[PDB]
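Okay, so here's the structure we're looking at.
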Amino acid sequence: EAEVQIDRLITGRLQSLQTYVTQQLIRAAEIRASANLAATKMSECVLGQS
Amino acid sequence: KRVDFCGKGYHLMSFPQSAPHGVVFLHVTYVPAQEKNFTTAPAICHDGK
C-alpha cells in the first residue's frame with residue numbers, strides 16, 4: 001500500500017511544481033518585455049532629444 | 001533621427017543580408033574625431049546691437 005500512497009503524493013507534488021514553473025515563465029516573459037521598453041526609453045530619451 | 005536605434009553614433013544607411021533563420025544588418029555610421037579646444041561667447045554686440 002505504501003507504493004500507492006507515495007505514487008499519489010508524487011503525482012500531486014509534480015502537478016504543483018508544473019503549475020509554479022509555468023507561472024514563473026509567464027511572469028519572466030512579461031518582465032522581459034517591460035525591461036526592453038525601459039531600455040529603449042533610457043537609450044533614446046536621455047542621450048539625445050525626442 | 002532617433003539616436004542609437006540602429007547603429008552606434010550618427011546613422012547614414014543600412015544594408016540587409018539573408019541568413020539561415022534570420023537577417024543580418026550592416027549599419028554605416030559617422031563618427032567625429034581629432035578634437036580641438038576653443039574659447040566661446042554667447043552673443044556679440046556691436047554699436048549697441
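By convention here, the chains of the C-alpha cells are called A, B, ... in the order presented, each chain's residues are numbered starting at 1, and ligands are numbered starting at 1 in the order presented.
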Every residue of chain B that DSSP places in strand (DSSP E), as a PyMOL selection string: chain B and resi 10-18+23-30
Keeping C-alpha atoms, export the residues of the selection given above as a PDB file, in the first residue's frame.
ATOM      1  CA  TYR B  10      25.120  59.080 -36.325  1.00  0.00           C
ATOM      2  CA  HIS B  11      23.414  56.924 -38.945  1.00  0.00           C
ATOM      3  CA  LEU B  12      23.741  57.096 -42.733  1.00  0.00           C
ATOM      4  CA  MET B  13      22.201  53.900 -44.143  1.00  0.00           C
ATOM      5  CA  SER B  14      21.946  50.138 -43.732  1.00  0.00           C
ATOM      6  CA  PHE B  15      22.231  47.046 -45.903  1.00  0.00           C
ATOM      7  CA  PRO B  16      20.241  43.837 -45.303  1.00  0.00           C
ATOM      8  CA  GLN B  17      21.546  40.311 -45.767  1.00  0.00           C
ATOM      9  CA  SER B  18      19.869  36.923 -45.605  1.00  0.00           C
ATOM     10  CA  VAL B  23      18.555  38.541 -41.031  1.00  0.00           C
ATOM     11  CA  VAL B  24      21.809  40.488 -40.724  1.00  0.00           C
ATOM     12  CA  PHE B  25      22.046  44.277 -40.914  1.00  0.00           C
ATOM     13  CA  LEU B  26      25.146  46.269 -41.846  1.00  0.00           C
ATOM     14  CA  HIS B  27      24.835  49.802 -40.458  1.00  0.00           C
ATOM     15  CA  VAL B  28      27.052  52.607 -41.778  1.00  0.00           C
ATOM     16  CA  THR B  29      27.821  55.257 -39.169  1.00  0.00           C
ATOM     17  CA  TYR B  30      29.586  58.620 -38.948  1.00  0.00           C
TER      18      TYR B  30
END
Test item: chain B residues at most 8 Å from chain A, counting only C-alpha atoms, as a list in words: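 Matching residues, ligands excluded from the count: residues 2, 3, 4 and 5 of chain B.
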For the selection you just gave me, I'd like the residues written to a file as a JSON list (two decimals), in the first residue's frame, keeping C-alpha atoms.
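result-v7.json, freshly written:
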[["chain", "number", "residue", "atom", "x", "y", "z"],
["B", 2, "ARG", "CA", 16.23, 58.64, -33.16],
["B", 3, "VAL", "CA", 19.65, 58.04, -31.64],
["B", 4, "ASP", "CA", 21.18, 54.58, -31.20],
["B", 5, "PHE", "CA", 18.18, 52.68, -32.57]]
